[PDB]
């Protein structure tokens, strides 16, 4: 039972960098840092008042309880590296929906075609404007799945490996989680600068392998 547990071990030294709460790189916690960064970039709130208080505490620099809860929800032990895209997917059902994404599933010639609106805070789709190939149609051609409409704020999580691509080919977003191999960072679109633990270093999206993006209409 989470409330019974010692959180003191998860009190990672934190800072404010470009107005964002960030954790010092220690104990393989980069996954925690970029998960929490994208929650701030997306401006997400939790359905539970108890979780939302833990989140507000994290942002004001009382990080231990919300960080522990992340480890606890995801089944990760202190000092173990993990997966931000997994953590974000597991966080999704706890977050108040604040937007939607329309996914077009089509063939180049239009043999078969559809659109579906997804209204979860975290949606798994291509982070590229051109989309990804995804399964064969009854007529016998491979489907392309791409994001074609953005309402409010969603976090799009790539269906695949981290993606290296000329920056213009990515879905338009405010922030891009990048993975190098591993170690997680966040490309800030506004500044063109990179959140790497508790420092702000220059970076290039064209060579950043992107795993997820905060999209906002």
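Numbering follows the first chain given and starts at 1.
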{"query": "Where residue 190 meets residue 191 in the shown sequence, the number of deposited residues left unmodelled", "finding": "none"}
{"query": "Higher-B stretch (mean Cα B-factor, as the entry records it), 89-97 or 134-142", "finding": "134-142"}
{"query": "Between the two ranges 125-133 and 67-75, the one averaging a larger CA B factor in the entry", "finding": "125-133"}
{"query": "Peak C-alpha temperature factor (PDB record), options 13, 203, 9, 209", "finding": "203"}
{"query": "Third of chain Cα B-factors occupied by residue 80", "finding": "middle"}
{"query": "Where the record places residue 49 (Cα B-factor, split into thirds across the chain)", "finding": "middle"}
{"query": "Ranked C-alpha temperature factor of residue 172 among modelled chain residues, by third", "finding": "highest"}
{"query": "CA B-factor ranking of residue 182, expressed as a third of its chain", "finding": "middle"}
{"query": "B-factor third for the C-alpha atom of residue 160 within its chain", "finding": "lowest"}
